[PDB]
$ cat upload20.txt   # compact mmCIF, N, CA and C atoms
# COMPACT_ATOMS: atom_id res chain seq x y z
N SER W 1 0.83 -1.20 0.00
CA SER W 1 0.00 0.00 0.00
C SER W 1 0.87 1.25 0.00
N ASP W 2 2.04 1.15 0.63
CA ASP W 2 3.00 2.25 0.68
C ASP W 2 3.84 2.35 -0.59
N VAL W 3 3.70 1.37 -1.49
CA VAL W 3 4.50 1.34 -2.71
C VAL W 3 3.87 2.21 -3.81
N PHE W 4 2.61 2.57 -3.61
CA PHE W 4 1.87 3.38 -4.57
C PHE W 4 2.48 4.76 -4.83
N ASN W 5 2.67 5.53 -3.77
CA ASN W 5 3.20 6.89 -3.88
C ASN W 5 4.70 6.91 -4.18
N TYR W 6 5.07 6.75 -5.45
CA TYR W 6 6.48 6.58 -5.83
C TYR W 6 7.34 7.83 -5.62
N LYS W 7 6.77 9.00 -5.93
CA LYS W 7 7.49 10.26 -5.78
C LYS W 7 7.76 10.63 -4.32
N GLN W 8 6.71 10.62 -3.50
CA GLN W 8 6.83 11.00 -2.10
C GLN W 8 7.69 10.02 -1.31
N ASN W 9 7.45 8.73 -1.53
CA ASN W 9 8.16 7.70 -0.77
C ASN W 9 9.57 7.43 -1.27
N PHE W 10 9.72 7.21 -2.57
CA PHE W 10 10.99 6.72 -3.10
C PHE W 10 11.77 7.79 -3.89
N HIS W 11 11.17 8.96 -4.04
CA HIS W 11 11.84 10.12 -4.61
C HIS W 11 12.37 9.90 -6.03
N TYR W 12 11.49 9.55 -6.96
CA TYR W 12 11.90 9.45 -8.36
C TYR W 12 10.77 9.81 -9.32
N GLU W 13 11.16 10.33 -10.48
CA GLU W 13 10.25 10.77 -11.53
C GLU W 13 10.68 10.17 -12.86
N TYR W 14 9.79 10.24 -13.85
CA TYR W 14 10.13 9.89 -15.22
C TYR W 14 10.16 11.16 -16.06
N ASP W 15 11.02 11.21 -17.07
CA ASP W 15 11.10 12.38 -17.93
C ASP W 15 9.86 12.48 -18.81
N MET W 16 9.32 11.33 -19.19
CA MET W 16 8.13 11.28 -20.03
C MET W 16 7.20 10.11 -19.68
N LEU W 17 5.93 10.43 -19.47
CA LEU W 17 4.90 9.41 -19.29
C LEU W 17 4.07 9.28 -20.56
N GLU W 18 4.59 8.51 -21.51
CA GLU W 18 3.93 8.37 -22.80
C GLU W 18 4.01 6.95 -23.33
N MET W 19 2.93 6.52 -23.96
CA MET W 19 2.86 5.23 -24.64
C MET W 19 2.92 5.47 -26.16
N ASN W 20 4.05 5.10 -26.76
CA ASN W 20 4.30 5.32 -28.18
C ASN W 20 4.11 6.78 -28.58
N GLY W 21 4.53 7.69 -27.71
CA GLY W 21 4.45 9.12 -27.99
C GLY W 21 3.07 9.71 -27.76
N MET W 22 2.19 8.93 -27.14
CA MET W 22 0.84 9.38 -26.85
C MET W 22 0.71 9.92 -25.43
N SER W 23 0.12 11.11 -25.31
CA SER W 23 -0.24 11.67 -24.01
C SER W 23 -1.30 10.79 -23.34
N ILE W 24 -1.47 10.95 -22.03
CA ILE W 24 -2.48 10.18 -21.31
C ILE W 24 -3.88 10.55 -21.81
N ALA W 25 -4.04 11.80 -22.24
CA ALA W 25 -5.29 12.25 -22.84
C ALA W 25 -5.52 11.50 -24.15
N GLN W 26 -4.51 11.52 -25.00
CA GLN W 26 -4.53 10.81 -26.27
C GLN W 26 -4.70 9.31 -26.06
N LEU W 27 -4.06 8.79 -25.01
CA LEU W 27 -4.20 7.39 -24.64
C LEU W 27 -5.66 7.06 -24.35
N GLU W 28 -6.30 7.86 -23.51
CA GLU W 28 -7.70 7.66 -23.17
C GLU W 28 -8.61 7.81 -24.39
N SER W 29 -8.23 8.70 -25.30
CA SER W 29 -8.97 8.88 -26.54
C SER W 29 -8.95 7.61 -27.39
N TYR W 30 -7.74 7.12 -27.67
CA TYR W 30 -7.56 5.88 -28.41
C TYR W 30 -8.34 4.74 -27.76
N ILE W 31 -8.18 4.63 -26.44
CA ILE W 31 -8.83 3.59 -25.66
C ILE W 31 -10.35 3.60 -25.81
N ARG W 32 -10.97 4.76 -25.57
CA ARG W 32 -12.42 4.87 -25.69
C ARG W 32 -12.89 4.59 -27.12
N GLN W 33 -12.13 5.06 -28.09
CA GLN W 33 -12.41 4.77 -29.50
C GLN W 33 -12.44 3.27 -29.75
N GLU W 34 -11.47 2.55 -29.18
CA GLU W 34 -11.44 1.09 -29.31
C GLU W 34 -12.61 0.47 -28.56
N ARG W 35 -13.05 1.14 -27.50
CA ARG W 35 -14.21 0.68 -26.75
C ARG W 35 -15.50 0.86 -27.54
N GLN W 36 -15.49 1.75 -28.52
CA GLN W 36 -16.67 1.95 -29.36
C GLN W 36 -16.87 0.85 -30.41
N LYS W 37 -15.83 0.07 -30.67
CA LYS W 37 -15.93 -1.00 -31.66
C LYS W 37 -16.59 -2.24 -31.08
N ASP W 38 -17.00 -3.17 -31.94
CA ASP W 38 -17.53 -4.45 -31.49
C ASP W 38 -16.39 -5.44 -31.40
N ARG W 39 -16.10 -5.92 -30.19
CA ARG W 39 -14.88 -6.69 -30.01
C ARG W 39 -15.12 -8.11 -29.51
N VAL W 40 -14.13 -8.97 -29.73
CA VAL W 40 -14.17 -10.35 -29.26
C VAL W 40 -12.76 -10.80 -28.87
N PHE W 41 -12.66 -11.35 -27.67
CA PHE W 41 -11.41 -11.80 -27.08
C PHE W 41 -11.41 -13.31 -26.81
N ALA W 42 -10.21 -13.88 -26.81
CA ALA W 42 -9.96 -15.21 -26.27
C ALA W 42 -9.42 -15.05 -24.86
N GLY W 43 -10.08 -15.69 -23.90
CA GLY W 43 -9.66 -15.65 -22.51
C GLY W 43 -8.94 -16.91 -22.07
N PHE W 44 -7.86 -16.71 -21.33
CA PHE W 44 -7.04 -17.81 -20.83
C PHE W 44 -7.03 -17.84 -19.31
N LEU W 45 -7.07 -19.04 -18.73
CA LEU W 45 -7.02 -19.18 -17.28
C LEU W 45 -5.67 -19.76 -16.87
N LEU W 46 -4.91 -18.98 -16.12
CA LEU W 46 -3.51 -19.29 -15.91
C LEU W 46 -3.14 -19.74 -14.51
N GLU W 47 -2.61 -20.95 -14.47
CA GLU W 47 -2.03 -21.55 -13.29
C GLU W 47 -0.51 -21.49 -13.40
N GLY W 48 0.18 -21.70 -12.29
CA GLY W 48 1.62 -21.81 -12.30
C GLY W 48 2.05 -23.26 -12.42
N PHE W 49 3.05 -23.52 -13.26
CA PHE W 49 3.51 -24.89 -13.46
C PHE W 49 5.01 -25.10 -13.24
N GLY W 50 5.71 -24.05 -12.83
CA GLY W 50 7.08 -24.20 -12.35
C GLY W 50 8.18 -24.02 -13.36
N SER W 51 7.83 -23.51 -14.54
CA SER W 51 8.83 -23.18 -15.54
C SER W 51 8.28 -22.18 -16.55
N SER W 52 9.17 -21.40 -17.15
CA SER W 52 8.76 -20.43 -18.15
C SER W 52 8.39 -21.15 -19.44
N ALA W 53 7.42 -20.61 -20.16
CA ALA W 53 6.96 -21.26 -21.38
C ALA W 53 6.29 -20.24 -22.28
N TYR W 54 6.16 -20.56 -23.56
CA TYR W 54 5.34 -19.69 -24.39
C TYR W 54 4.25 -20.50 -25.08
N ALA W 55 3.06 -19.91 -25.12
CA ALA W 55 1.88 -20.53 -25.70
C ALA W 55 1.49 -19.85 -27.00
N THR W 56 1.03 -20.66 -27.95
CA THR W 56 0.59 -20.19 -29.25
C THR W 56 -0.79 -20.73 -29.55
N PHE W 57 -1.75 -19.86 -29.87
CA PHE W 57 -3.07 -20.37 -30.22
C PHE W 57 -3.49 -19.99 -31.64
N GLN W 58 -4.39 -20.80 -32.20
CA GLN W 58 -4.93 -20.60 -33.53
C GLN W 58 -6.46 -20.62 -33.51
N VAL W 59 -7.06 -19.94 -34.48
CA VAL W 59 -8.51 -19.91 -34.63
C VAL W 59 -8.90 -20.80 -35.81
N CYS W 60 -9.90 -21.65 -35.61
CA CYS W 60 -10.30 -22.63 -36.62
C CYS W 60 -11.80 -22.62 -36.85
N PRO W 61 -12.22 -22.46 -38.11
CA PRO W 61 -13.62 -22.62 -38.49
C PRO W 61 -14.05 -24.08 -38.42
N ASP W 62 -15.30 -24.36 -38.79
CA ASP W 62 -15.85 -25.71 -38.71
C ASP W 62 -15.01 -26.65 -39.55
N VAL W 63 -14.67 -26.22 -40.76
CA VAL W 63 -13.58 -26.84 -41.50
C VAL W 63 -12.30 -26.13 -41.07
N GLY W 64 -11.31 -26.92 -40.64
CA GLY W 64 -10.09 -26.45 -40.01
C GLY W 64 -9.55 -25.07 -40.36
N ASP W 65 -9.12 -24.91 -41.61
CA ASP W 65 -8.61 -23.65 -42.18
C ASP W 65 -7.90 -22.72 -41.19
N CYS W 66 -7.09 -23.30 -40.31
CA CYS W 66 -6.55 -22.56 -39.17
C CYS W 66 -5.66 -21.37 -39.51
N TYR W 67 -5.96 -20.24 -38.87
CA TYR W 67 -5.14 -19.04 -38.92
C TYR W 67 -4.49 -18.84 -37.56
N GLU W 68 -3.24 -18.39 -37.56
CA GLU W 68 -2.51 -18.18 -36.31
C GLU W 68 -3.05 -17.01 -35.50
N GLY W 69 -3.45 -17.27 -34.26
CA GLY W 69 -3.79 -16.20 -33.33
C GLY W 69 -2.55 -15.84 -32.53
N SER W 70 -2.62 -14.75 -31.77
CA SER W 70 -1.46 -14.23 -31.05
C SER W 70 -0.85 -15.22 -30.05
N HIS W 71 0.40 -14.95 -29.66
CA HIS W 71 1.12 -15.76 -28.68
C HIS W 71 1.15 -15.06 -27.33
N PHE W 72 1.54 -15.79 -26.29
CA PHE W 72 1.77 -15.13 -25.00
C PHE W 72 2.72 -15.97 -24.14
N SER W 73 3.32 -15.34 -23.14
CA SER W 73 4.36 -16.03 -22.38
C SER W 73 4.11 -16.06 -20.88
N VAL W 74 4.67 -17.08 -20.24
CA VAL W 74 4.67 -17.18 -18.79
C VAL W 74 6.10 -17.32 -18.29
N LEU W 75 6.36 -16.69 -17.14
CA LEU W 75 7.68 -16.62 -16.53
C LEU W 75 7.75 -17.57 -15.34
N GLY W 76 8.78 -18.42 -15.30
CA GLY W 76 8.86 -19.41 -14.25
C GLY W 76 10.20 -20.08 -14.01
N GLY W 77 10.34 -20.64 -12.81
CA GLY W 77 11.49 -21.44 -12.43
C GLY W 77 11.02 -22.52 -11.47
N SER W 78 11.89 -23.45 -11.12
CA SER W 78 11.47 -24.57 -10.26
C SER W 78 11.23 -24.13 -8.82
N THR W 79 11.84 -23.02 -8.42
CA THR W 79 11.72 -22.54 -7.05
C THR W 79 10.56 -21.57 -6.87
N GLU W 80 9.81 -21.32 -7.94
CA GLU W 80 8.74 -20.34 -7.89
C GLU W 80 7.65 -20.72 -6.89
N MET W 81 7.20 -19.72 -6.14
CA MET W 81 6.07 -19.86 -5.25
C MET W 81 4.79 -19.98 -6.07
N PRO W 82 4.01 -21.04 -5.81
CA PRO W 82 2.80 -21.38 -6.57
C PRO W 82 1.81 -20.22 -6.72
N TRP W 83 1.25 -20.06 -7.92
CA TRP W 83 0.32 -18.97 -8.18
C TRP W 83 -0.82 -19.37 -9.11
N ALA W 84 -1.92 -18.64 -9.00
CA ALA W 84 -3.07 -18.86 -9.86
C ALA W 84 -3.83 -17.56 -10.07
N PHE W 85 -4.10 -17.24 -11.33
CA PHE W 85 -4.87 -16.05 -11.64
C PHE W 85 -6.33 -16.25 -11.33
N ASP W 86 -6.94 -15.23 -10.75
CA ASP W 86 -8.34 -15.29 -10.36
C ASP W 86 -9.22 -14.70 -11.46
N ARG W 87 -8.60 -14.42 -12.59
CA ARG W 87 -9.28 -13.80 -13.72
C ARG W 87 -8.88 -14.45 -15.03
N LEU W 88 -9.55 -14.06 -16.11
CA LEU W 88 -9.14 -14.46 -17.44
C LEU W 88 -8.18 -13.42 -18.01
N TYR W 89 -7.10 -13.90 -18.61
CA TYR W 89 -6.21 -13.05 -19.37
C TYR W 89 -6.72 -12.98 -20.80
N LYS W 90 -7.03 -11.77 -21.25
CA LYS W 90 -7.70 -11.59 -22.54
C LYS W 90 -6.74 -11.22 -23.67
N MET W 91 -6.99 -11.81 -24.83
CA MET W 91 -6.25 -11.49 -26.04
C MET W 91 -7.25 -11.23 -27.18
N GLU W 92 -7.04 -10.17 -27.95
CA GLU W 92 -8.03 -9.75 -28.94
C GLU W 92 -7.94 -10.56 -30.24
N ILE W 93 -9.08 -11.02 -30.75
CA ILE W 93 -9.10 -11.79 -32.00
C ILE W 93 -10.08 -11.25 -33.03
N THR W 94 -10.60 -10.04 -32.81
CA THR W 94 -11.59 -9.46 -33.71
C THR W 94 -11.10 -9.41 -35.15
N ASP W 95 -9.86 -8.97 -35.33
CA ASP W 95 -9.29 -8.80 -36.66
C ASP W 95 -9.17 -10.12 -37.41
N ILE W 96 -8.70 -11.16 -36.72
CA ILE W 96 -8.54 -12.46 -37.35
C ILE W 96 -9.91 -13.07 -37.67
N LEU W 97 -10.91 -12.83 -36.81
CA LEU W 97 -12.26 -13.33 -37.07
C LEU W 97 -12.85 -12.65 -38.29
N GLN W 98 -12.71 -11.33 -38.35
CA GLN W 98 -13.24 -10.55 -39.46
C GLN W 98 -12.57 -10.94 -40.78
N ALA W 99 -11.26 -11.20 -40.72
CA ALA W 99 -10.51 -11.63 -41.89
C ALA W 99 -10.93 -13.04 -42.32
N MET W 100 -11.52 -13.78 -41.38
CA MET W 100 -12.02 -15.12 -41.64
C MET W 100 -13.45 -15.09 -42.16
N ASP W 101 -14.02 -13.88 -42.16
CA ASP W 101 -15.36 -13.61 -42.67
C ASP W 101 -16.48 -14.26 -41.85
N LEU W 102 -16.15 -14.77 -40.67
CA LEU W 102 -17.18 -15.35 -39.80
C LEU W 102 -17.47 -14.45 -38.61
N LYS W 103 -18.73 -14.40 -38.20
CA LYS W 103 -19.12 -13.60 -37.05
C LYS W 103 -18.79 -14.34 -35.77
N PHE W 104 -18.87 -13.64 -34.65
CA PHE W 104 -18.44 -14.17 -33.37
C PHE W 104 -19.25 -15.39 -32.91
N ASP W 105 -20.52 -15.45 -33.31
CA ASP W 105 -21.40 -16.51 -32.83
C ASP W 105 -21.45 -17.70 -33.78
N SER W 106 -20.64 -17.66 -34.83
CA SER W 106 -20.62 -18.72 -35.83
C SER W 106 -19.50 -19.75 -35.65
N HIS W 107 -19.82 -20.81 -34.91
CA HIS W 107 -19.07 -22.08 -34.86
C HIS W 107 -17.58 -22.06 -35.22
N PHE W 108 -16.76 -21.54 -34.32
CA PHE W 108 -15.32 -21.58 -34.50
C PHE W 108 -14.66 -21.89 -33.16
N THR W 109 -13.55 -22.62 -33.21
CA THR W 109 -12.85 -23.08 -32.01
C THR W 109 -11.43 -22.52 -31.94
N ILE W 110 -10.85 -22.51 -30.75
CA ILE W 110 -9.49 -22.02 -30.55
C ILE W 110 -8.61 -23.13 -29.99
N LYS W 111 -7.49 -23.41 -30.65
CA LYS W 111 -6.62 -24.47 -30.14
C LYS W 111 -5.25 -23.93 -29.77
N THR W 112 -4.76 -24.36 -28.61
CA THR W 112 -3.51 -23.83 -28.07
C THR W 112 -2.45 -24.90 -27.92
N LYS W 113 -1.28 -24.61 -28.46
CA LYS W 113 -0.11 -25.45 -28.27
C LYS W 113 0.95 -24.64 -27.52
N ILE W 114 1.38 -25.15 -26.37
CA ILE W 114 2.30 -24.42 -25.51
C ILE W 114 3.60 -25.20 -25.30
N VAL W 115 4.73 -24.55 -25.57
CA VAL W 115 6.01 -25.23 -25.40
C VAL W 115 6.78 -24.63 -24.23
N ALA W 116 7.54 -25.48 -23.55
CA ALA W 116 8.24 -25.09 -22.33
C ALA W 116 9.50 -24.29 -22.62
N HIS W 117 10.30 -24.08 -21.58
CA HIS W 117 11.59 -23.42 -21.69
C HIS W 117 12.60 -24.40 -22.26
N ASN W 118 12.29 -25.68 -22.12
CA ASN W 118 13.18 -26.75 -22.52
C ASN W 118 13.59 -26.65 -23.99
N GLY W 119 12.67 -26.40 -24.94
CA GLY W 119 11.22 -26.41 -24.80
C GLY W 119 10.65 -27.73 -25.29
N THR W 120 10.01 -28.45 -24.37
CA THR W 120 9.25 -29.62 -24.74
C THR W 120 7.78 -29.24 -24.67
N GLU W 121 6.98 -29.83 -25.54
CA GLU W 121 5.56 -29.52 -25.57
C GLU W 121 4.89 -29.92 -24.26
N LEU W 122 4.27 -28.95 -23.61
CA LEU W 122 3.52 -29.21 -22.39
C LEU W 122 2.11 -29.61 -22.77
N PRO W 123 1.65 -30.77 -22.27
CA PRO W 123 0.38 -31.36 -22.69
C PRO W 123 -0.78 -30.41 -22.47
N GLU W 124 -1.86 -30.58 -23.24
CA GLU W 124 -3.03 -29.71 -23.13
C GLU W 124 -3.61 -29.73 -21.72
N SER W 125 -3.18 -30.72 -20.93
CA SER W 125 -3.57 -30.85 -19.53
C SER W 125 -3.08 -29.69 -18.66
N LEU W 126 -2.02 -29.02 -19.09
CA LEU W 126 -1.39 -28.01 -18.25
C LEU W 126 -2.27 -26.77 -18.09
N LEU W 127 -2.69 -26.18 -19.20
CA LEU W 127 -3.60 -25.04 -19.12
C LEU W 127 -4.94 -25.38 -19.75
N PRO W 128 -6.03 -25.11 -19.02
CA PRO W 128 -7.39 -25.39 -19.49
C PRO W 128 -7.67 -24.64 -20.78
N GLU W 129 -8.36 -25.30 -21.70
CA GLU W 129 -8.62 -24.73 -23.02
C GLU W 129 -9.36 -23.40 -22.91
N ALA W 130 -8.97 -22.46 -23.78
CA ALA W 130 -9.44 -21.09 -23.70
C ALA W 130 -10.95 -20.96 -23.84
N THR W 131 -11.46 -19.82 -23.37
CA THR W 131 -12.85 -19.46 -23.59
C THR W 131 -12.89 -18.29 -24.57
N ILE W 132 -14.08 -17.93 -25.03
CA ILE W 132 -14.22 -16.79 -25.94
C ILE W 132 -15.32 -15.86 -25.42
N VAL W 133 -15.06 -14.56 -25.48
CA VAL W 133 -16.00 -13.55 -25.01
C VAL W 133 -16.17 -12.44 -26.03
N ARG W 134 -17.41 -12.07 -26.34
CA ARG W 134 -17.65 -10.89 -27.17
C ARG W 134 -18.08 -9.74 -26.28
N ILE W 135 -17.32 -8.65 -26.31
CA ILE W 135 -17.77 -7.45 -25.63
C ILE W 135 -18.37 -6.54 -26.70
N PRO W 136 -19.59 -6.05 -26.44
CA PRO W 136 -20.37 -5.17 -27.31
C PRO W 136 -19.90 -3.72 -27.28
N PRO W 137 -20.20 -2.96 -28.33
CA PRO W 137 -19.87 -1.53 -28.36
C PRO W 137 -20.61 -0.75 -27.27
N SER W 138 -19.92 0.22 -26.68
CA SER W 138 -20.54 1.15 -25.75
C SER W 138 -20.84 2.47 -26.46
N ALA W 139 -22.11 2.67 -26.81
CA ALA W 139 -22.55 3.83 -27.56
C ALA W 139 -22.61 5.10 -26.71
N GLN W 140 -21.54 5.90 -26.74
CA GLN W 140 -21.53 7.20 -26.07
C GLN W 140 -20.54 8.16 -26.74
N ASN W 141 -20.72 9.45 -26.52
CA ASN W 141 -20.00 10.47 -27.28
C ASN W 141 -18.50 10.52 -26.99
N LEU W 142 -17.72 10.79 -28.04
CA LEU W 142 -16.27 10.85 -27.95
C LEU W 142 -15.79 12.25 -28.33
N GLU W 143 -14.48 12.52 -28.23
CA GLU W 143 -14.00 13.90 -28.24
C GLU W 143 -14.09 14.65 -29.60
N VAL W 144 -13.54 14.16 -30.72
CA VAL W 144 -12.66 12.99 -30.85
C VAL W 144 -11.33 13.50 -31.41
$ encode --input "upload20.txt" --output "structure tokens"
Amino acid sequence: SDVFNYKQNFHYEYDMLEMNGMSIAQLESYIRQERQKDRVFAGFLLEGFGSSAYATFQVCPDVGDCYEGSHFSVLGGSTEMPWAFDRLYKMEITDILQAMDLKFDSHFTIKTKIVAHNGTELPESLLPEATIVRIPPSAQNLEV
């Protein structure tokens, strides 16, 4: 709780608080604009398994035709204190779905292959298969 106030407690500043040259105002603008779109994410439920690994998932229509979805990584070692996320980690797939010409509610599955630091393939048993969520547009006025 005392780690929050970085300037008062630990006496340090940054020369620039910007994401890719964007002001926090501009950041919020971009963000809300993205909130105005119709979006769909793949959600992952993450447990700790004691080693670093990277996971790769793909999106597949009823007939396979698999397109590569984004990757993500986990950090680990054998001495790591056990952990479990109480939430879903979300990754956006709207663009790949739209490029696939299928809508969010039309019969498509997500398959994940995850390889270790070794890297040996960690069985599908390690992380529970992903879920999919569509978040709807929020219709309200923007700056813009």
$ residues_around --input "upload20.txt" --residues "stretch 100-109 of chain W" --least-positions-apart "5" --cutoff "8 Å" --atoms "only C-alpha atoms" --output "PDB file with N, CA and C atoms, in the coordinates of the input"
ATOM      1  N   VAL W  40     -14.130  -8.970 -29.730  1.00  0.00           N
ATOM      2  CA  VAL W  40     -14.170 -10.350 -29.260  1.00  0.00           C
ATOM      3  C   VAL W  40     -12.760 -10.800 -28.870  1.00  0.00           C
ATOM      4  N   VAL W  59      -7.060 -19.940 -34.480  1.00  0.00           N
ATOM      5  CA  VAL W  59      -8.510 -19.910 -34.630  1.00  0.00           C
ATOM      6  C   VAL W  59      -8.900 -20.800 -35.810  1.00  0.00           C
ATOM      7  N   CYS W  60      -9.900 -21.650 -35.610  1.00  0.00           N
ATOM      8  CA  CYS W  60     -10.300 -22.630 -36.620  1.00  0.00           C
ATOM      9  C   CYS W  60     -11.800 -22.620 -36.850  1.00  0.00           C
ATOM     10  N   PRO W  61     -12.220 -22.460 -38.110  1.00  0.00           N
ATOM     11  CA  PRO W  61     -13.620 -22.620 -38.490  1.00  0.00           C
ATOM     12  C   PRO W  61     -14.050 -24.080 -38.420  1.00  0.00           C
ATOM     13  N   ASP W  62     -15.300 -24.360 -38.790  1.00  0.00           N
ATOM     14  CA  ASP W  62     -15.850 -25.710 -38.710  1.00  0.00           C
ATOM     15  C   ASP W  62     -15.010 -26.650 -39.550  1.00  0.00           C
ATOM     16  N   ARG W 134     -17.410 -12.070 -26.340  1.00  0.00           N
ATOM     17  CA  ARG W 134     -17.650 -10.890 -27.170  1.00  0.00           C
ATOM     18  C   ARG W 134     -18.080  -9.740 -26.280  1.00  0.00           C
TER      19      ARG W 134
END
$ atom_distance --input "upload20.txt" --atom1 "atom CA of residue W:54" --atom2 "atom N of residue W:76"
9.8 Å
$ closest_residue --input "upload20.txt" --among "W:111, W:32, W:39, W:7" --to "residue W:130" --atoms "only N, CA and C atoms"
W:111
$ atom_distance --input "upload20.txt" --atom1 "atom N of residue W:23" --atom2 "atom N of residue W:74"
29.0 Å
$ residues_near_point --input "upload20.txt" --point "(-16.6, 8.6, -33.5)" --cutoff "7 Å" --atoms "only C-alpha atoms" --output "ChimeraX atom specification"
/W:33,142,144
$ axis_aligned_box --input "upload20.txt" --around "stretch 123-139 of chain W" --padding-each-side "6 Å" --output "lines of an AutoDock Vina configuration file"
center_x = -10.5
center_y = -13.1
center_z = -23.2
size_x = 36.3
size_y = 48.5
size_z = 22.3
$ build_atoms --input "upload20.txt" --residues "stretch 33-49 of chain W" --atoms "N, CA, C and O atoms" --output "tab-separated table (two decimals), keeping the file's coordinate frame"
chain	number	residue	atom	x	y	z
W	33	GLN	N	-12.13	5.06	-28.09
W	33	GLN	CA	-12.41	4.77	-29.50
W	33	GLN	C	-12.44	3.27	-29.75
W	33	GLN	O	-13.32	2.76	-30.45
W	34	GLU	N	-11.47	2.55	-29.18
W	34	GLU	CA	-11.44	1.09	-29.31
W	34	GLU	C	-12.61	0.47	-28.56
W	34	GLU	O	-13.10	-0.60	-28.93
W	35	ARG	N	-13.05	1.14	-27.50
W	35	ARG	CA	-14.21	0.68	-26.75
W	35	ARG	C	-15.50	0.86	-27.54
W	35	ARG	O	-16.49	0.18	-27.27
W	36	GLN	N	-15.49	1.75	-28.52
W	36	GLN	CA	-16.67	1.95	-29.36
W	36	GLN	C	-16.87	0.85	-30.41
W	36	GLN	O	-17.95	0.70	-30.97
W	37	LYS	N	-15.83	0.07	-30.67
W	37	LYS	CA	-15.93	-1.00	-31.66
W	37	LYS	C	-16.59	-2.24	-31.08
W	37	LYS	O	-16.75	-2.35	-29.86
W	38	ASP	N	-17.00	-3.17	-31.94
W	38	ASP	CA	-17.53	-4.45	-31.49
W	38	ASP	C	-16.39	-5.44	-31.40
W	38	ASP	O	-15.79	-5.79	-32.42
W	39	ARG	N	-16.10	-5.92	-30.19
W	39	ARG	CA	-14.88	-6.69	-30.01
W	39	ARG	C	-15.12	-8.11	-29.51
W	39	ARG	O	-16.18	-8.41	-28.94
W	40	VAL	N	-14.13	-8.97	-29.73
W	40	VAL	CA	-14.17	-10.35	-29.26
W	40	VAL	C	-12.76	-10.80	-28.87
W	40	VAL	O	-11.80	-10.63	-29.62
W	41	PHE	N	-12.66	-11.35	-27.67
W	41	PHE	CA	-11.41	-11.80	-27.08
W	41	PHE	C	-11.41	-13.31	-26.81
W	41	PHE	O	-12.46	-13.93	-26.62
W	42	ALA	N	-10.21	-13.88	-26.81
W	42	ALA	CA	-9.96	-15.21	-26.27
W	42	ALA	C	-9.42	-15.05	-24.86
W	42	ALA	O	-8.43	-14.35	-24.64
W	43	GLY	N	-10.08	-15.69	-23.90
W	43	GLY	CA	-9.66	-15.65	-22.51
W	43	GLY	C	-8.94	-16.91	-22.07
W	43	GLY	O	-9.36	-18.02	-22.39
W	44	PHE	N	-7.86	-16.71	-21.33
W	44	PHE	CA	-7.04	-17.81	-20.83
W	44	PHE	C	-7.03	-17.84	-19.31
W	44	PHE	O	-7.00	-16.80	-18.66
W	45	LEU	N	-7.07	-19.04	-18.73
W	45	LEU	CA	-7.02	-19.18	-17.28
W	45	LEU	C	-5.67	-19.76	-16.87
W	45	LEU	O	-5.33	-20.89	-17.21
W	46	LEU	N	-4.91	-18.98	-16.12
W	46	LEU	CA	-3.51	-19.29	-15.91
W	46	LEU	C	-3.14	-19.74	-14.51
W	46	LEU	O	-3.29	-19.02	-13.53
W	47	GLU	N	-2.61	-20.95	-14.47
W	47	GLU	CA	-2.03	-21.55	-13.29
W	47	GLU	C	-0.51	-21.49	-13.40
W	47	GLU	O	0.03	-21.25	-14.48
W	48	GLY	N	0.18	-21.70	-12.29
W	48	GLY	CA	1.62	-21.81	-12.30
W	48	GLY	C	2.05	-23.26	-12.42
W	48	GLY	O	1.49	-24.14	-11.75
W	49	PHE	N	3.05	-23.52	-13.26
W	49	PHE	CA	3.51	-24.89	-13.46
W	49	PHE	C	5.01	-25.10	-13.24
W	49	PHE	O	5.52	-26.20	-13.42
